[PDB]
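The deposited numbering numbers the first residue of the first sequence as 7 and each following residue consecutively.
The next block holds one structure in the form of structure tokens; read it before the comments.
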Amino acid sequence: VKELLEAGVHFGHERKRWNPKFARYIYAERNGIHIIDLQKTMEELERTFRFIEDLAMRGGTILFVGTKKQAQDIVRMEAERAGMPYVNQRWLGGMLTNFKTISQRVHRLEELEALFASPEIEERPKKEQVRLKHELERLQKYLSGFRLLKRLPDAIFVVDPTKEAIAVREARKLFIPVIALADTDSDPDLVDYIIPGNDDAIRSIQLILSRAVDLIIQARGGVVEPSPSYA
RNA sequence: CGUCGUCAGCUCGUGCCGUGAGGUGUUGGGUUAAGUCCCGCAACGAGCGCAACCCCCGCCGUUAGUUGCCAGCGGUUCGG
Ligand SMILES: [Mg+2]
Ligand SMILES: [Mg+2]
Ligand SMILES: [Mg+2]
Ligand SMILES: [Mg+2]
Ligand SMILES: [Mg+2]
Ligand SMILES: [Mg+2]
Ligand SMILES: [Mg+2]
Ligand SMILES: [Mg+2]
Ligand SMILES: [Mg+2]
Numbered sequence: 007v008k009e010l011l012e013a014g015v016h017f018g019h020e021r022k023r024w025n026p027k028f029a030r031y032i033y034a035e036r037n038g039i040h041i042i043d044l045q046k047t048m049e050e051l052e053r054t055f056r057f058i059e060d061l062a063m064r065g066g067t068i069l070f071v072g073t074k075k076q077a078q079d080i081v082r083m084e085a086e087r088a089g090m091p092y093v094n095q096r097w098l099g100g101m102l103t104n105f106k107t108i109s110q111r112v113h114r115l116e117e118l119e120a121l122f123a124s125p126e127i128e129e130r131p132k133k134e135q136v137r138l139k140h141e142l143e144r145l146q147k148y149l150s151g152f153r154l155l156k157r158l159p160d161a162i163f164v165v166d167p168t169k170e171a172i173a174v175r176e177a178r179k180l181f182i183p184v185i186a187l188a189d190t191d192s193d194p195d196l197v198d199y200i201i202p203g204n205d206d207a208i209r210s211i212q213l214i215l216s217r218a219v220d221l222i223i224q225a226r227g228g229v230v231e232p233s234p235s236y237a
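Encoded structure:
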């Protein structure tokens, strides 16, 4: 799968502001930052991709979570390529532990989708119209990827567990396995299937997520070639 | 029924934090007469209040013209 292409796009990130528990995946400090051991990256990648393939074979769903400014686009296209749920803008506290209450809002979202169509009604007062259109804009902004979730997922794919500790907490509490891309400032104990790679550069996230979703696509009988690559 | 006080408030469901009383939401920034609205946020929503729905005044239109009124017309003891 990977075959040494990792070095061209990334090796690691982050200086002395590190988590010492990450030391099992670090090789050296050269410019002041930590260089991730790429052989350990490959060894972990084999296990992670094997688990991902086994899960995708059985029909389970993976929730792709990423909200940094370097992943608002990669995550969306990668998760949409598999027809898979994603969170892209902001993790709403309780998106998993309060799944029923939060998913009550997508019912309102879909109800407002069938409200603004031309056939039925346009006789609402204009101020109420603007209220409902504000509500629709917010619901679409925050629940556009969450809509594909009909139940609690079988795994969550997180691009930065330190930044997204609330999602990891919710997943670990509910016994849902968590897969994470993590740099040297991360806690690996909370991550079941780790990939020790750089998660702040665009190309590293692109490569990892794109190839992961290629494996998912393969695990359902098909080969879709092109992915959105953005230099 | 008076009063704080027509003051801008008081709470709830589920989730989360805390051994617990409890907290969060409801804090921060801008705005409003207003917990009014916007942005941000472990919260996501909701209820009672605010506002609106009702009445009077201010402009115009349709239906009508008596016991109302009298622009134009003709009478007139001079009051339609
Ligand atoms: Mg918890
Ligand atoms: Mg008071
Ligand atoms: Mg509560
Ligand atoms: Mg406790
Ligand atoms: Mg209060
Ligand atoms: Mg409070
Ligand atoms: Mg008031
Ligand atoms: Mg209010
Ligand atoms: Mg009122």
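Just so you know, even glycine gets a beta-carbon here, dropped at the ideal spot from N, CA and C.
Out of curiosity, what's the CA-to-CA distance linking residue 128 and residue 121? Start at 1 with the first residue of the first sequence, and residue 128 comes out as number 122. Start at 1 with the first residue of the first sequence, and residue 121 comes out as number 115. Approximately 9 Å between the Cα atoms of the pair.
Quick check: the region 65–80 against the region 160–169, are there 3 or more CB pairs under 8 Å? yes
For residue 194 and residue 35, the rounded distance between their alpha carbons: Locating residue 35 in the first sequence gives position 29, where the first residue counts as 1. Locating residue 194 in the first sequence gives position 188, where the first residue counts as 1. Approximately 19 Å, taken between the alpha carbons.
Three CB pairs or more closer than 8 Å across the region 215–226 and the region 133–141: no
beta-carbon residue 107 near ligand 1 non-hydrogen atom, thresh 8 Å: For the purposes of this step, residue 107 is taken as the residue at position 101 of the first sequence. Result no, Cβ not under 8 Å from ligand 1.
Verify whether the separation of the beta carbon atoms of residue 207 and residue 40 is less than 9 Å. Mapped onto the first sequence, residue 207 falls at position 201. Mapped onto the first sequence, residue 40 falls at position 34. It is not a contact, given that the beta carbons lie outside the stated cut-off.
Simplified DSSP assignment, three categories, for residue 55: Counting from one through the first sequence, the residue named residue 55 turns up at place 49. Residue 55 falls in the helix class under three-state DSSP.
For residue 62, I'd like the list of residues in its chain whose CB is within less than 6 Å of its CB, leaving aside the five on either flank, ordered along the chain. Locating residue 62 in the first sequence gives position 56, where the first residue counts as 1. Only 222 and 225 meet the Cβ criterion.
Supposed close pair residue 47, residue 201 - CB separation, criterion 8 Å: One-based indexing of the first sequence puts residue 47 at position 41. One-based indexing of the first sequence puts residue 201 at position 195. At roughly 7 Å, the Cβ-Cβ gap stays under 8 Å, so residue 47 and residue 201 are in contact.
Since residue 69 sits in a beta bridge, which residues does DSSP pair it with? Counting from one through the first sequence, the residue named residue 69 turns up at place 63. Note: residue 69 sits in a beta bridge opposite 162.
Quick check on residue 29: buried or exposed, where buried means 16 or more other Cβ atoms within 10 Å of its Cβ? By one-based count along the first sequence, residue 29 stands at place 23. So residue 29 counts as exposed.
From this set, 180, 13, 161 and 227, which residue's C-alpha is nearest residue 199's C-alpha? Along the first sequence, read from residue 1 onward, the residue named residue 199 stands at position 193. Taking only the C-alpha atoms, the option nearest residue 199 is 161.
Between residue 15 and residue 209, what straight-line distance do the alpha-carbon atoms span, to the nearest angstrom? Here residue 15 refers to the residue found at position 9 when the first sequence is read from its first residue. Here residue 209 refers to the residue found at position 203 when the first sequence is read from its first residue. Rounded to the nearest angstrom, the two C-alpha atoms are 6 Å apart.
How close, in whole Å, do the beta carbons of residue 220 and residue 25 come, if the pair is a contact with beta carbons under 8 Å? Within the first sequence, the letter at position 214 stands for residue 220. Within the first sequence, the letter at position 19 stands for residue 25. Residue 220 to residue 25, Cβ: 30 Å. No contact.
Secondary structure of residue 218, DSSP reduced to three states: Position 212 of the first sequence holds residue 218. Helix, per DSSP.
What does DSSP give as the partner residue(s) for residue 92 in the beta ladder? Taking the first sequence and counting its residues from 1, one reaches residue 92 at position 86. In the DSSP output, where bridge partners are listed per residue, residue 92 has 70.
Using the Cβ count rule (16 or more neighbours within 10 Å means buried), how would you classify residue 173? Residue numbering aside, residue 173 sits at position 167 when the first sequence is read from its first letter. So residue 173 ends up on the buried side.
Burial state of residue 134 (16 or more Cβ within 10 Å): Numbered from 1 along the first sequence, position 128 holds the residue referred to as residue 134. Flag for residue 134 reads exposed.
Who are the Cβ neighbours of residue 147 in its own chain at under 8 Å, not counting the five residues just before and after it? Mapped onto the first sequence, residue 147 falls at position 141. The residues are 95.
Determine the DSSP secondary structure at residue 184, reduced to helix, strand or coil. In the first sequence, the residue the question calls residue 184 occupies position 178. In this structure, residue 184 counts as strand in the three-state DSSP scheme.
Opening and closing residue of the beta strand (DSSP E) in which residue 35 lies: The residue you call residue 35 lines up with position 29 of the first sequence. Here the beta strand (DSSP E) through residue 35 covers 32–35.
Which full runs of the beta strand (DSSP E) of 3+ residues lie inside the region 81–164, going along the chain? 161–164
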